[PDB]
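Engineer:
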Amino acid sequence: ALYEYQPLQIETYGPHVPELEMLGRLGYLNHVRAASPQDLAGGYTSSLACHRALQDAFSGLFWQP
Amino acid sequence: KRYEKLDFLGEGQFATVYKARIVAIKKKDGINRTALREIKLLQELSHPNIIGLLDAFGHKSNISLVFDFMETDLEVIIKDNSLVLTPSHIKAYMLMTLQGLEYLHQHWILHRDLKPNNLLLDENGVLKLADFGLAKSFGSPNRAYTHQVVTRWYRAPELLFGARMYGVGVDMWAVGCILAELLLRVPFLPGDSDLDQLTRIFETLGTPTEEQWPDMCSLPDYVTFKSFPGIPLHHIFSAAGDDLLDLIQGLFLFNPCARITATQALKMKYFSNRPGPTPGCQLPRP
Amino acid sequence: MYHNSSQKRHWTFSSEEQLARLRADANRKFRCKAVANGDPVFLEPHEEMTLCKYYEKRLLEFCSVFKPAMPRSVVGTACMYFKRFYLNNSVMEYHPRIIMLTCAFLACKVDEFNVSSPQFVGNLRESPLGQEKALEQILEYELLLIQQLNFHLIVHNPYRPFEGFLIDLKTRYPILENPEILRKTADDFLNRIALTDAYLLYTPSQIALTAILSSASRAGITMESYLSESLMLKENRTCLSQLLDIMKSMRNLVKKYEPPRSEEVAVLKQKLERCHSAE
Ligand SMILES: CC(C)c1cnn2c(NCc3ccccc3)cc(N[C@H]3CNC[C@H]3OCc3ccccc3)nc12
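Protein chains in written order, with the authors' numbering: chain H, 244 to 308; chain J, 10 to 30, 37 to 42, 52 to 310; chain I, 1 to 38, 44 to 284.
(1) List, in chain order, every chain H residue whose beta-carbon is nearer than 8 Å to that of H3/I.
(2) Using a Cβ cut-off of 8 Å (strictly closer), state whether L245/H contacts chain J.
(3) Restricting to Cα atoms, I'd like to know which of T107/I, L158/I, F71/I, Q136/I is closest to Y146/I.
(4) Can you tell me the Cβ-Cβ gap for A289/J and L268/J, rounded? I've got them flagged as a contact below 8 Å.
(5) Can you check whether the CB of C32/I is closer than 8 Å to the CB of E61/I?
(6) Are the CB atoms of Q136/I and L129/I within a distance shorter than 8 Å?
(7) Can you give the Cα-Cα distance for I104/I and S132/I, rounded to whole angstroms?
(8) Which chain H residues sit within Cβ distance under 7 Å of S14/I?
(9) In three-state terms, what does DSSP make of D97/J?
(10) What span of residues does the beta strand (DSSP E) with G19/J cover, start to end?
(11) From the DSSP output, in three-state form, read off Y27/J for me.
(12) Could you compute how far the alpha carbon of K274/I sits from the alpha carbon of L150/I?
(13) If I measure Cβ to Cβ from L65/I and keep anything under 8 Å in the same chain, skipping five residues before and after, which residues do I get?
(14) Is it the case that the CB of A24/J approaches a heavy atom of ligand 1 more closely than 7 Å?
(15) Chain I beta carbons: is any one of them nearer than 8 Å to that of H131/J?
(16) Are the C-beta of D282/H and some C-beta of chain I separated by less than 8 Å?
(17) Applying the 10 Å Cβ sphere with the 16-neighbour rule, what's the burial state of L78/J?
(18) For chain J, find out if any of its Cβ atoms is closer than 8 Å to the Cβ of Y287/H; answer yes or no.
(19) Using 8 Å as the cut-off, can you tell me whether the stretch 150–161 of chain J makes contact with the stretch 179–192 of chain J, which would need three or more C-beta pairs spanning the two stretches below that distance?
(20) Cβ atoms of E95/J and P140/J: under 8 Å apart, would you say?
(21) Alpha carbon to alpha carbon, how far is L69/J from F71/I? Give it in angstroms, no decimals.
(22) In its own chain, which residues sit with a C-beta less than 8 Å from the C-beta of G254/J, not counting the 5 before and 5 after it?
(23) I need the DSSP call for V174/J, collapsed to helix, strand or coil.
(24) With DSSP run on the structure shown, which of helix, strand or coil describes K250/J?
(25) So which residues of chain H does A187/J contact, with C-beta pairs closer than 9 Å?
(26) Go ahead and pull the three-state DSSP assignment for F67/I.
(27) Would the stretch 234–246 of chain J count as touching the stretch 196–208 of chain J if we require 3 or more Cβ pairs under 8 Å?
(28) Can you pull the DSSP bridge partners for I40/J?
(29) Use the C-beta contact count for residue 1/J: other C-beta atoms within 10 angstroms, 16 or more gives buried, fewer gives exposed.
(30) Looking at C-alpha atoms only, which residue of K253/I, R256/I, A224/I, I217/I is the closest neighbour of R165/I?
(31) Which runs of the alpha helix (DSSP H) spanning at least 4 residues fall entirely within the stretch 201–246 of chain I, listed in chain order?
(32) For the pair the stretch 13–24 of chain I and the stretch 274–281 of chain H, tell me if three or more CB-CB distances fall below 8 Å.
(33) Could you check what DSSP says for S161/J in three-state terms: helix, strand or coil?
(34) Report yes if the CB atom of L205/I is closer than 8 Å to the CB atom of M252/I, and no otherwise.
(35) Are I133/J and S161/J touching if we call contact CB-CB under 8 Å?
(36) Work out the CA separation of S85/J and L60/J for me, nearest whole Å.
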């Protein structure tokens with residue numbers, strides 16, 4: 244009946260990726276290109292690119308065929 | 010082939026769809057880029073609220089795509105005067121759409137064509153996002169998009185201002201428009217043109233300011249409008265509850281970054297409060 | 001994402017022996033259909054490998070001079086398409102020139118690198134009649150390539166994992182003071198890896214990490230702490246050992262790579278031309 248949220252349990256076979264909103268306070272965003280005012284107006288932030296890059300770096304790193 | 014054609018379902022400038030033994040087949053530049061987009065995206069996605077590409081085939085430069093047969097869509101549900109959309113049904117449709125969208129965004133894909141006729145319903149009352157012909161991956165800085173995506177009635181103001189770079193906010197704004205359509209049984213913002221779409225947006229929700237949208241003036245096609253006050257949300261949706269109104273406000277935030285994501289929308293109290301979403305077998309069938 | 005992708009589910013293979021079995025199967029099937037449709046002209050699987058390597062280098066040369074500039078993801082997707090297609094197909098049936106051009110065409114379409122057919126074929130160093138013929142051949146082979154790829158078009162390349170690893174090194178590995186000094190050599194090793202079969206045997210994240218760590222070792226830097234501490238693999242000894250063995254195997258594949266010889270390529274080119282002129 245009543246719904247309760249549960250995060251998507253998807254196995255990445257790699258190291259844990261820090262949360263998106265967390266990236267700025269861990270220093271990740273200091274190494275990615277800053278979003279332009281046009282990009283930020285459109286809703287694009289450097290955190291998105293950083294998060295995608297980290298997820299792809301960690302995806303399947305521990306996987307064996 | 011292995012498919013015996015059963016019935017005609019539709020056609021258009023792009024393709025035609027037939028029910029076939037039960038599946039639905041959608042049939052110098054080479055293979056159509058829309059079909060290639062749909063194939064390359066739906067092969068990498070698997071979720072109960074995303075349409076499943078079971079098979080693909082064809083000949084020469086032609087191609088056909090095989091999907092699960094879908095009984096109806098949200099457009100038919102909304103347009104049906106006999107159907108009564110209870111709050112539970114609205115919550116169920118909203119929940120299925122948002123779960124599919126959360127899965128899609130988690131894999132860095134924007135649908136970019138969300139509308140009631142792209143949310144298809146099967147015999148078991150399971151909603152699936154379909155028509156991935158405009159869907160595209162996001163998160164890459166070196167990838168310029170176009171602002172002429174999403175049907176105008178569901179297009180976000182950032183798109184209507186020419187945003188080359190955007191995120192999940194376009195899909196979330198379309199989702200808010202779909203929710204408004206579900207509540208009002210009519211399209212929320214029927215603009216006859218891009219300028220009129222912006223005018224209706226600003227006349228219903230108020231003209232955004234610098235505090236509501238810090239960099240709105242930096243968009244290439246930003247146009248200054250009258251200082252509309254906007255209609256109060258509870259005035260527009262008189263039957264909506266406080267949690268539903270909070271969800272609507274989150275979906276219609278002018279700032280795309282501040283606009284609620286699918287995860288945040290799913291975590292909102294609206295989906296946790298009573299009554300729960302109506303189960304699929306009890307959803308109204310038009 | 002890679003961890004639930006078709007590349008991992010269907011196009012990452014256990015061993016080089018499995019790939020050799022697939023290629024030998026393709027060669028044997030073509031031989032049986034050729035002797036059932038009508044000889045030293047037949048190509049051996051290793052000759053097919055030499056030809057496939059030569060034409061993958063030709064595909065790289067085509068993509069490098071392509072106008073407008075070809076994104077590296079498109080080139081990687083096209084090369085992966087070439088490798089996947091000739092896993093299960095003989096060059097004696099479908100000529101690698103047309104297949105590599107079709108791979109580039111389909112990669113441009115799939116990666117969303119918008120290029121019209123005339124400007125695609127205008128990059129070929131042939132006459133307009135030859136360009137038209139090549140375009141017609143590409144259009145005829147596009148659906149064949151898609152079918153042979155099993156309709157698995159999204160290719161995960163190690164470039165963005167490489168970017169993510171560099172970001173992680175900059176953020177959480179101050180011992181490596183400037184990770185940017187591990188970019189040129191790491192990308193050179195990434196290209197060397199791409200020359201081999203590693204793209205069919207290892208994950209893109211593993212390939213990127215192997216390239217970065219090989220670059221570090223070439224620089225005299227030992228980031229075993231990065232794996233043990235930053236990647237927390239010191240909490241899982243078996244996982245760290247498995248990863249280290251994966252990188253060692255990738256390096257072994259790289260060092261054992263043998264470029265095709267020009268004279269051997271010429272002889273096998275004559276053999277391939279004779280094969281296509283027959284049947
Ligand atoms: C995943 C897709 C391929 C799919 C799966 N099932 N299914 C169905 N089932 C039947 C049905 C009946 C009523 C309401 C919804 C569904 C229909 C349908 N299309 C048609 C429905 N409304 C008009 C037409 O759509 C425009 C159109 C036509 C041709 C080509 C492109 C667009 N598509 C699908």
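The C-beta atom is built at its ideal place from N, Cα and C for all residues, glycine as well.
Structural biologist: Quick answer:
(1) Translated into positions along the third sequence, residue 3/I becomes position 3. For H3/I, the neighbours in chain H by C-beta distance under 8 Å run, in chain order, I253, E254, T255, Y256, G257, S302, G303, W306.
(2) Position 2 of the first sequence, counted from the start, is the residue given in the question as residue 245/H. Answer yes: the Cβ-Cβ gap between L245/H and chain J drops below 8 Å somewhere.
(3) Within the third sequence, numbered from 1, the residue matching residue 146/I stands at position 141. Taking the Cα of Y146/I as reference, the smallest distance to any Cα among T107/I, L158/I, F71/I, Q136/I is reached at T107/I.
(4) Taking the first residue of the second sequence as 1, we reach residue 289/J at position 265. Taking the first residue of the second sequence as 1, we reach residue 268/J at position 244. Actually they do not touch by this definition, with Cβ atoms about 12 Å apart.
(5) To locate residue 61/I, count along the third sequence from 1; it is residue 56. To locate residue 32/I, count along the third sequence from 1; it is residue 32. No, these two residues do not count as a Cβ contact at 8 Å.
(6) In the third sequence, counting from the first residue as 1, residue 129/I sits at position 124. In the third sequence, counting from the first residue as 1, residue 136/I sits at position 131. For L129/I and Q136/I, yes; Cβs fall inside 8 Å.
(7) Here the question's residue 104/I lines up with position 99 in the third sequence. Here the question's residue 132/I lines up with position 127 in the third sequence. Each residue's Cα considered, the two are about 20 Å apart.
(8) Along the third sequence, one-based indexing puts residue 14/I at 14. Taking a Cβ-Cβ cut-off of 7 Å, the neighbours of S14/I in chain H comprise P308, given in sequence order.
(9) As a working note, residue 97/J is residue 73 in the second sequence. It is a strand residue.
(10) Start at 1 with the first residue of the second sequence, and residue 19/J comes out as number 10. Where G19/J is concerned, the enclosing beta strand (DSSP E) starts and stops at 14–20.
(11) Residue 27/J sits at position 18 when you count from the first residue of the second sequence. Of the three classes helix, strand and coil, the one that applies to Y27/J here is strand, per DSSP.
(12) Here residue 274/I refers to the residue found at position 269 when the third sequence is read from its first residue. Here residue 150/I refers to the residue found at position 145 when the third sequence is read from its first residue. Distance between the alpha carbons of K274/I and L150/I: 22 Å.
(13) Residue mapping note: residue 65/I aligns to position 60 of the third sequence, counting from 1. Hits under 8 Å: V80, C84.
(14) In the second sequence, counting from the first residue as 1, residue 24/J sits at position 15. Indeed, a heavy atom of ligand 1 lies less than 7 Å from the Cβ.
(15) By one-based count along the second sequence, residue 131/J stands at place 107. It does; some Cβ of chain I falls within 8 Å.
(16) Here residue 282/H refers to the residue found at position 39 when the first sequence is read from its first residue. With 8 Å as the cut-off, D282/H does not count as an interface residue toward chain I.
(17) Walking along the second sequence from the start, residue 78/J turns up at place 54. Classification of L78/J: exposed, given that the 10 Å Cβ count is below 16.
(18) Position 44 of the first sequence, counted from the first residue, corresponds to residue 287/H. A Cβ of chain J is located within less than 8 Å of the beta carbon of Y287/H.
(19) In this structure the stretch 150–161 of chain J does not touch the stretch 179–192 of chain J; the number of beta carbon pairs closer than 8 Å is below three.
(20) Here residue 140/J is taken as the residue at index 116 of the second sequence, counted from 1. Here residue 95/J is taken as the residue at index 71 of the second sequence, counted from 1. It is not a contact, given that the beta carbons lie outside the stated cut-off.
(21) Here residue 71/I is taken as the residue at index 66 of the third sequence, counted from 1. Here residue 69/J is taken as the residue at index 45 of the second sequence, counted from 1. When rounded, the distance between both Cα atoms is 32 Å.
(22) Along the second sequence, one-based indexing puts residue 254/J at 230. Result list for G254/J: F226, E227, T228, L229, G230, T231, in chain order.
(23) On the second sequence, position 150 is the one that residue 174/J refers to. The answer is coil: DSSP assigns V174/J none of H, G, I, E or B.
(24) Working through the second sequence from its first residue, we reach residue 250/J at position 226. Residue state, collapsed to three classes: coil.
(25) Here residue 187/J is taken as the residue at index 163 of the second sequence, counted from 1. Listed by position along chain H, the residues whose Cβ is nearer than 9 Å to that of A187/J are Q281, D282, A284, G285, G286, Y287.
(26) Along the third sequence, one-based indexing puts residue 67/I at 62. If DSSP states are grouped into helix, strand and coil, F67/I belongs with the helices.
(27) Counting Cβ pairs under 8 Å, fewer than three are found: no touch.
(28) Translated into the one-based positions of the second sequence, residue 40/J becomes position 25. DSSP, once it has assigned bridges, lists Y27/J, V90/J as partnering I40/J.
(29) With chain J covering only 10 through 310, there is no way to say anything about residue 1/J.
(30) For this step, residue 165/I is matched to residue 160 along the third sequence. Looking only at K253/I, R256/I, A224/I, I217/I, the smallest Cα-Cα distance to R165/I is reached by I217/I.
(31) Entirely contained in the stretch 201–246 of chain I, the alpha helix (DSSP H) runs reaching 4 residues are, in chain order, 209–223.
(32) By the Cβ criterion, the stretch 13–24 of chain I is not in contact with the stretch 274–281 of chain H, since fewer than three pairs of Cβ atoms, one from each stretch, lie closer than 8 Å.
(33) Taking the first residue of the second sequence as 1, we reach residue 161/J at position 137. Here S161/J sits in strand by DSSP.
(34) Working through the third sequence from its first residue, we reach residue 205/I at position 200. Working through the third sequence from its first residue, we reach residue 252/I at position 247. Contact: no.
(35) Stepping through the second sequence from its first residue, residue 133/J is reached at position 109. Stepping through the second sequence from its first residue, residue 161/J is reached at position 137. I133/J places its beta carbon less than 8 Å from that of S161/J.
(36) What you label residue 60/J is simply residue 36 of the second sequence in a count that begins at 1. What you label residue 85/J is simply residue 61 of the second sequence in a count that begins at 1. Pairing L60/J with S85/J, the inter-Cα distance amounts to about 11 Å.
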